[PDB]
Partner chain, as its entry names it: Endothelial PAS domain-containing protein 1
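First comes one chain, alone, set out as structure tokens in the form solved without the partner chain.
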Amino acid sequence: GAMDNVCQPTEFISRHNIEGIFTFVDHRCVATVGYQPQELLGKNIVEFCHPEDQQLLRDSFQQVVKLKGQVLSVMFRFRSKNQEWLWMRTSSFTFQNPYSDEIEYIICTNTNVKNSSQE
């Protein structure tokens, strides 16, 4: 596998279930972290989260569900397709329907900053 899916920017957007389960991923996943859209679908972002920051994601994801509608930035190391732990900041957004005040999914805006593996 490991297709480029057309060279993408180093930031990607994904819709995911509140437990971290990727439901829909944009092709920019490959450029940012090597992963294909399919690779994330059904997985928790916490599975590919740096083992020392996995709780950091959890705590902050809980807080975006606390804030509701506010963009909450959490910075962690995402495991690229090279099984490396690069520095990515996820901006958390909870998609609410202002009729029942319910959330359908969380939106992972993933902006990769530094790297700590690729040379």
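Positions refer to the first chain, counted from 1.
The form deposited with the partner chain bound is left out here; the points below concern that form.
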Practice task
Report yes if any heavy atom of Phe61 sits within 4.5 Å of a heavy atom of the partner chain in the bound PDB entry; otherwise report no.
Solution key: no
Exercise for the section: Indicate whether the partner chain has at least one heavy atom within 4.5 Å of a heavy atom of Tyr35 in the bound PDB entry. Expected result: yes
Handout entry: Within 4.5 Å of the partner chain in the bound PDB entry: residues from 51-73 (heavy atom criterion)
Key = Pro51, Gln54, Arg58
